[PDB]
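To start, the structure under review is shown below, and the notes come after it.
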Amino acid sequence: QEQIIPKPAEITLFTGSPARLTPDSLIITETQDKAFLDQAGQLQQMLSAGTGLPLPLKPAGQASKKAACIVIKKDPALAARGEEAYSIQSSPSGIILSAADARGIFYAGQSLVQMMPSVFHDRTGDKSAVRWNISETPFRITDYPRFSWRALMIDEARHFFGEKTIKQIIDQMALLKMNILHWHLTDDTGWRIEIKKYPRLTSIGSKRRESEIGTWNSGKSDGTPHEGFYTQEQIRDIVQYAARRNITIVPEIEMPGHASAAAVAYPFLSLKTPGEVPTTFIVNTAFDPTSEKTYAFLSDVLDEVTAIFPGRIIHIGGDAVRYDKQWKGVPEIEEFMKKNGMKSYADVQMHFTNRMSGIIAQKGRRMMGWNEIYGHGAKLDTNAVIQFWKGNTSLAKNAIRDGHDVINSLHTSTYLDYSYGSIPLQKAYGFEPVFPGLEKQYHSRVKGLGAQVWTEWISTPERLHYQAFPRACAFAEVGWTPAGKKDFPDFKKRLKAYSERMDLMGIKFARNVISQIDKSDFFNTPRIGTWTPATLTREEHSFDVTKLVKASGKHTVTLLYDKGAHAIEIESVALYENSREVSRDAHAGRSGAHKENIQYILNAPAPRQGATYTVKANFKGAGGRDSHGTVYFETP
Amino acid sequence: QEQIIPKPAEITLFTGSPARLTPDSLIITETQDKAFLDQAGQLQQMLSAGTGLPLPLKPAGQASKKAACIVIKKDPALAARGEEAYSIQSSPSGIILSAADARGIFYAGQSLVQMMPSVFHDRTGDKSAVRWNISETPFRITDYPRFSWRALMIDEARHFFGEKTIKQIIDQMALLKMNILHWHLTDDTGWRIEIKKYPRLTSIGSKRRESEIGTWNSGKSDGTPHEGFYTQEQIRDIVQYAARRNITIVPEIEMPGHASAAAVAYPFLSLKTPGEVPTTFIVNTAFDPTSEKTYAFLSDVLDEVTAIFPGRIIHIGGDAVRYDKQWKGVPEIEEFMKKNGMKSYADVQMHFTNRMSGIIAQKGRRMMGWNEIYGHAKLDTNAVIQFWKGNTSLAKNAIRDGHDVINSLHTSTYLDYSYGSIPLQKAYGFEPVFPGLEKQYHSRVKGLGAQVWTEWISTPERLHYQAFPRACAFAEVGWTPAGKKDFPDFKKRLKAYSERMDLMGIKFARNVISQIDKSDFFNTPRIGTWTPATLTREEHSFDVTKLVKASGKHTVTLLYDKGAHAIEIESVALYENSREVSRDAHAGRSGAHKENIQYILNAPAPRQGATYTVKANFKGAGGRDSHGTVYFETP
Amino acid sequence: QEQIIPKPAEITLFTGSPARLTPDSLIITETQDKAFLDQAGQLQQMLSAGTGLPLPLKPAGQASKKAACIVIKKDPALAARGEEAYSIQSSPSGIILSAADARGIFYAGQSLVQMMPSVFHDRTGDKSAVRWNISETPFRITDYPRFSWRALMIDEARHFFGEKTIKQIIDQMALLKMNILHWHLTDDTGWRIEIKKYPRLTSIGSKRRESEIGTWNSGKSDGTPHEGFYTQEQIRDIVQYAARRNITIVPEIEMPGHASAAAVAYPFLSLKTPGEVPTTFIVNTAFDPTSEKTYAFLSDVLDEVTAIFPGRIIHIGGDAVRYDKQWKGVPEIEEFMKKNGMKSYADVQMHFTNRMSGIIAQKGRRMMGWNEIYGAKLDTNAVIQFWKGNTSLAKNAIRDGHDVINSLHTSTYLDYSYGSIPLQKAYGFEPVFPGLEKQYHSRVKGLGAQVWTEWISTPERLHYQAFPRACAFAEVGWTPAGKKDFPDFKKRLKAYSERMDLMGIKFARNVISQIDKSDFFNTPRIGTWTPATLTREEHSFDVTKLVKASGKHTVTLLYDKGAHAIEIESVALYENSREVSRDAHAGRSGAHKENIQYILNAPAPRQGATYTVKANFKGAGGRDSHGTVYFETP
Ligand SMILES: CC(=O)N[C@@H]1[C@@H](O)[C@@H](O)[C@@H](CO)O[C@H]1O
Ligand SMILES: CC(=O)N[C@@H]1[C@@H](O)[C@@H](O)[C@@H](CO)O[C@H]1O
Ligand SMILES: CC(=O)N[C@@H]1[C@@H](O)[C@@H](O)[C@@H](CO)O[C@H]1O
Ligand SMILES: CC(=O)N[C@@H]1[C@@H](O)[C@@H](O)[C@@H](CO)O[C@H]1O
Ligand SMILES: CC(=O)N[C@@H]1[C@@H](O)[C@@H](O)[C@@H](CO)O[C@H]1O
Ligand SMILES: CC(=O)N[C@@H]1[C@@H](O)[C@@H](O)[C@@H](CO)O[C@H]1O
Ligand SMILES: CC(=O)N[C@@H]1[C@@H](O)[C@@H](O)[C@@H](CO)O[C@H]1O
Ligand SMILES: [Cl-]
Ligand code: NA
Ligand code: NA
Ligand code: NA
Ligand code: NA
């Protein structure tokens, strides 16, 4: 049925047969705007490669007749919905793609691919036999993002991955309509940008002798040198590759902290420069806030950043320095503080980060940073963007009420380096970027969200995939789909289909995740009973569903363990019409810490007026009766 | 691909590939008989939309052997088997559908449909993706019905469903080759046929304030008015729609009982007319059999019935009046009985139905009624007797007296009953020839009828649930030769046929189709049992040395019989002497509920002089009180 | 790679869509070599019938490049790899079949068949519904056999099957690229070759009253007469049937032992001729080696053999006579040993086989025999077939100038059960004798697998014993040693089995999923269980050092000894404390074994983390159980 991730804003389904691309189908451009023509050509190349169909570009050929073509239109009425909005009208007569801005057409194409057979992505095989149907019926889609900032961050400073890997990540982002690549390119353990005025930033800072592994303070090492960096020509190519796929790159140059690799290259940049690039991930060196050379150096670097990154926003990091380890007691710090009348080390960081916002602004750019740039001593430039990642949400809300745009990256929801125990798939999908205590008038200041793939413990592309996917798919939906249309069980079904595409595209996403059952699948589902140690003193259990049996069809009963030392063993679940059985699903299930076949399918008859309907479930405690659970009843 | 329900009478399979309908295929008529030409237009129109292929009608001689074409022949050889017989000769040379009467061709086309992909029935399906193969090999089919009367009754008096629903029912009947729609159109709770001479029959009799729900005497009501009736224009349109699909409509005007709606419309028609159309289903009002105006009124009604229903037979119901509630101690009745020398209230009823049989005969029609109309001024010998009661001697005597009889034993054919009361198996096992009837009389047993009473049926979907799939079983009972009936095979065929019902929108009962029944194994070898004593060990050995004669798949079925505990099955293996040569190790459970109780073993080509042993590892589930039987099928 | 059995020697895959044959496809020959034009017509006939496509032959230059065409070229470069070598270049623009010798084109065709839908083998199947793709991508194959002698032996002396059955055996051999049919046609219990000069060999020797069943000296029999033989016309027909499919027939006339049938027909041929053709399989009668009549009679037989069997090599068996039962204490033997100075009965047999090898050499042929023929003079060109695992003897045979074939009986005797020789043992067989030095390897020309038929009385039982282990021996004979891979072979054997089904081969269906401890001599062991360990349900096995890549790892719990099995409920993989994969299903590991393999999805490993396999199992009826837990990577 409907399988697009993100789920689009407005969908209208019609009855009949769907559109199908054939060897006779054409792509017609009914506009002269060349931005739309460039998108049309890029759309032709993509669709032809994946389907094998020729799909040549023509403004003529009429619209054939019984050969559904692709029509690209420029519809001004969608402009109220932003430059990323588009509409799709699909029927056997035609497939019309419209947008106010050319970027909408690209996203229309991605929706088109996701409504076609997944084999589109196969690099092998006979595709001349595929039925290239667009969904299962005719339809009208009007679509647009809830949030304008839908970001994925890749940390290449902790471990470098390179052009091939990041282009493959960009491909996943575009297919999910994520539009910001936050590129964390500098940190203590690596510097990954060629700066032509300062060659040692890469010739020294891009190489280290070994890497700590396992976890922080593991005492374990791989004893393996690690190096890599991007040349400025590579960065230009990747910027272009991303922009063609509707993605703006936000570069991050960490400061005043996370500066070890830069300091080793040029030791005057820090008051406590390490002897070599750190081999452990527990070292955080800080730039010297008391020497103009620091600011002069950083401004020269930022000059080259702006020449090769056209995006308006530059991320400085700006998270808190480890004051005790780095500045406390250093004479250059204490005198600097006494002179300028500063009471705290945090005041010294605020001074640095405020000065950098003026340096960034004088380059025609806009500064972004982690929420410490805002506070907790003068105040920060109102134009600065704040990425919230930790603390009381009152800090983000205070910044919003003071006039800052905010990106919600609360680390307990969005840090993809964490395990699936720490952030399960349902926690990623249930993330709500708009802080709940924030008054409605302020909501438009929450521009969106960012998911972070930190790479201390990620050294291969396949491990990067394992950590980033499938949860990045959830964040793409949180960023795009209207809040009122979010639906976690439905998202997980669509995720199964989408996981075929990830396989064919080489993405080693986490396996044991997509098909789990969690209690969050059932907030929108009726509850018909429970079990307790007391109800386990019998094995036959009856639950009334009279009010829920309104029509013929399939009903799914789920016995979901909640807590207790013991699971339940389930023999069968049946539906009774009055006192007679009319459907039974007999199969062994176990609902406890592990959930094994806990869903039972019941076939309801067209209801008998005046009859009662009862779900009867035969189950008992497994090794004991300390078991609590809930019985859910789905009526699709 | 012998999927057809009902099972055809004679089939001979060949070797090779089957015929396939392409966009080149044609339908050519090899006969000028107009009845065949009208049916060919029907066949072409149906098949074109189902398959999405042109399938053009071209006069004979324009047959290109590029593509297999459909040939519609007329073969007088088939007349020995009646007007509904036909033959299908299938091969890439072409598909030849022959028949002595045009009705045979229609059924040939329905069989054609059940041999093609089910996508035929999907209206929005991608039909151009399909290969329209007729079954899977060449074949000759010589088909005809065992019984001439294969009827389904729809009650629209209790609840009215209307034109769209009844055409949908007619469609399912036609695909199952059922040929009689018994239309129960009047009863106590409704009158659904427009009678122009007596407009209150519909203006009053077709409306009631509310309906009892749940069951008789429930004390529950839906509080919802219910109304509806067919105009005579609607009935003519539905008569033709049915006639196109080989179905004769037998109308029923209930009498002398089930008269409440007629009486309330015209209170002189009953001695105990209710004050309003009953809101419950326990009220059964009787026409007044002592008054001439009653007979003249009903004779008038039947005049209008005959004008719009072309069928030869008119049903009156004629089941017993509730004598003690309606007639006993009523002065008119008691004196009528003295004047006529009658000793029982049944005598009064029989006088009424006897007289109605003459009134109907004089209109050039035949009366039909339930067995109450038959006994030992008198009953027209051309009357048809339909039996709800299992009384073989009464049917014997009716046959000797010259009556065609129809068997509708209510404990087997009443589809308003639950599946506990009448399981699918019991419907399929129904034998219309009354048990013990001497063979001399079998030929007057003209068929069967299955009844959908609608007291507790208010939607088309619930009508489907009660009517199907047991109506499929009766279609087979009525068509298939008795010696070719095979319930296990019917169940396999029904599983396929239910795909068609799904796409056609028939909300049949889903849980009743794919059961395993103990009767399935009556002629399957028994290699062992289990008892509480044998469940004290995990491993169980059964000798099958004398049964393993060829390589291939052997099926072990561990079938629970009785006891408080099921058995949980870990694996079943085949041993050649002391060597394991096959093991099916899926988890199974056989008890009150059946969970994967069939185990597939691959036998080697048998080795001379070797012992073969089925070893089954199983134990009691929760205890040892369990008995069952182990069956062994060869390929 | 492909699904072809045997695995080709060199494969190169590319991205994209595969070549596809259509009704417009043609077969084009770009060589004038008439041997290639002949193979091309035979290929056309075979492919058009299987696919239902017309596939007409067209000359180079008169074709439309609309559809993919098959192009047949002669490539002398492949000559260094022998006459059976070939290459295939396939893409949507064409399918080029190349070979140095016309025999290679036939094997190129057999590989094409295995890369197309299996409906090819269904004579009645719906062939027009099928997309005739050559595999799933463009590819380049260069292929050639490792061994030149890839033999299957069928014993029709013990039980006669006949022409229809041997031809369907030949069809399998050809699809598997086996090139030698070793035809065991004479023995104690039957003589199956018509010899016109000695008509009693078949009129007497081809008939027996009944057959022993069960096992040797069972005392049981079937009370059923059994008879049959091939006429010389039938032989010539089967010889050319094999030759059209790249197979040379090596006939076998057993001597000096296994002679009962011959002797009963002509009693002067043995010193201990039985009274009737034996009806048990333990009787082994010896020809009389001390009498000139025997050699004259056998030379006459071999004259007729050479006229209907054209191949260079004739097999005599030559295995040891039952000396104590047949020759010891016989006056003619003891006097013959005195006259000639022989000290052992084996010397008498060696004199016999040595002399037969000269008789066979004088007819323009090469003698072949079991290792007893090597250990007046043995013809230096004789071929030695080893049922005995004796490397020093094979080395000496090679040093004395003999080609040798390896048929180690404990690995290649397909009359044995699958317990004695499981599929994996057949596949793991190495024809190069263990310990043989490299300089001698070139004289190991291949292998032979033997279907003895004492206990095989039907074609279907022949299939059950012969297949699928014959499929493994086909791969041993052809595939390079370093490209062998038993798991991948079982994967391909699944697909090859559809072809066997459609072609009527009643192969043993259960054996591909058998598991033996021998399956795991080269698989890591991550732990064991013992009566000690069975006191708890949860068990933990470290696999930190073994998790190196993403994908499916397999845990096998294999019972070794003890009076009790274990019942298994679940097996899970843990990354530190995070459960990351769980295979929950019921299994049992004891005298019989069910579902004892558990499949786990490893993520891309996290450097420095610990990976732990956790398994739930307990004792079945007790705790006297010992086992080994194995761990396989993807
Ligand atoms: C602002 C920020 O996110 N800093 C670090 C980040 O660099 C990374 O090390 C992460 C790993 O979980 O932990 C954070 O404390
Ligand atoms: C979410 C997070 O990373 N929190 C802190 C962070 O401040 C980091 O800088 C480090 C300092 O030691 O410890 C972490 O626990
Ligand atoms: C919540 C839960 O799964 N509890 C136990 C489980 O830990 C396991 O010990 C087994 C014991 O029988 O089944 C369940 O009773
Ligand atoms: C002759 C006959 O079938 N009469 C009634 C019928 O009208 C219907 O009410 C049915 C419901 O089961 O009960 C029968 O007694
Ligand atoms: C006859 C029968 O099925 N008995 C089963 C019993 O064996 C056991 O499985 C139990 C599970 O708690 O359910 C019972 O209904
Ligand atoms: C040399 C040789 O293989 N001789 C016999 C062979 O004839 C056959 O009887 C086989 C059956 O197992 O046993 C072998 O010992
Ligand atoms: C090694 C082995 O299988 N031992 C089993 C034993 O554990 C128990 O299960 C018993 C049940 O029948 O049978 C024995 O053969
Ligand atoms: Cl005998
Ligand atoms: Na569509
Ligand atoms: Na407020
Ligand atoms: Na003799
Ligand atoms: Na672990």
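Going down the list, the protein sequences come from chains A, B and C. Per the numbering used here, residue 55 is the first one in the first sequence, and the count goes up by one each step. Per the numbering used here, residue 561 is the first one in the second sequence, and the count goes up by one each step. Per the numbering used here, residue 10 is the first one in the third sequence, and the count goes up by one each step. Ideal placement from N, C-alpha and C gives every residue a C-beta, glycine not left out.
Residue i, buried or exposed, once every other Cβ within 10 Å from all chains shown has been counted against 16
| i | result |
| --- | --- |
| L67/A | exposed |
| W776/B | exposed |
| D703/B | buried |
| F438/C | buried |
| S904/B | exposed |
| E998/B | exposed |
Per-residue DSSP class, three states only, for residue i
| i | result |
| --- | --- |
| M170/A | coil |
| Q98/C | strand |
| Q663/A | coil |
7 Å Cβ shell around residue i - same chain, five flanking residues per side excluded
| i | result |
| --- | --- |
| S279/C | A268, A272, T294, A295, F296, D297 |
| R112/C | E92, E93, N255 |
| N651/A | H641, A642, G643 |
CB-CB length for residue i against residue j, believed under 8 Å
| i | j | result |
| --- | --- | --- |
| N1162/B | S1142/B | 5 Å |
| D196/C | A166/C | 3 Å |
Min CB distance residue i to chain A below 9 Å
| i | result |
| --- | --- |
| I945/B | no |
| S579/C | yes |
| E469/C | no |
Interface residues of chain F facing residue i [CB-CB closer than 8 Å]
| i | result |
| --- | --- |
| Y473/C | The chain labelled as chain F is not found among the protein chains of the depicted structure, namely A, B and C. |
Interface flag, residue i vs chain B, CB-CB below 9 Å
| i | result |
| --- | --- |
| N187/A | yes |
| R508/C | no |
| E603/C | yes |
Proximity test, Cβ basis, 9 Å: residue i and chain C
| i | result |
| --- | --- |
| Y161/A | no |
Beta-carbon proximity list for residue i, same chain, < 6 Å, skipping 5 on both sides
| i | result |
| --- | --- |
| residue 645/C | Residue coverage of chain C in this structure runs from 10 to 643, which leaves residue 645/C outside it and unanswerable. |
| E236/C | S215, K216 |
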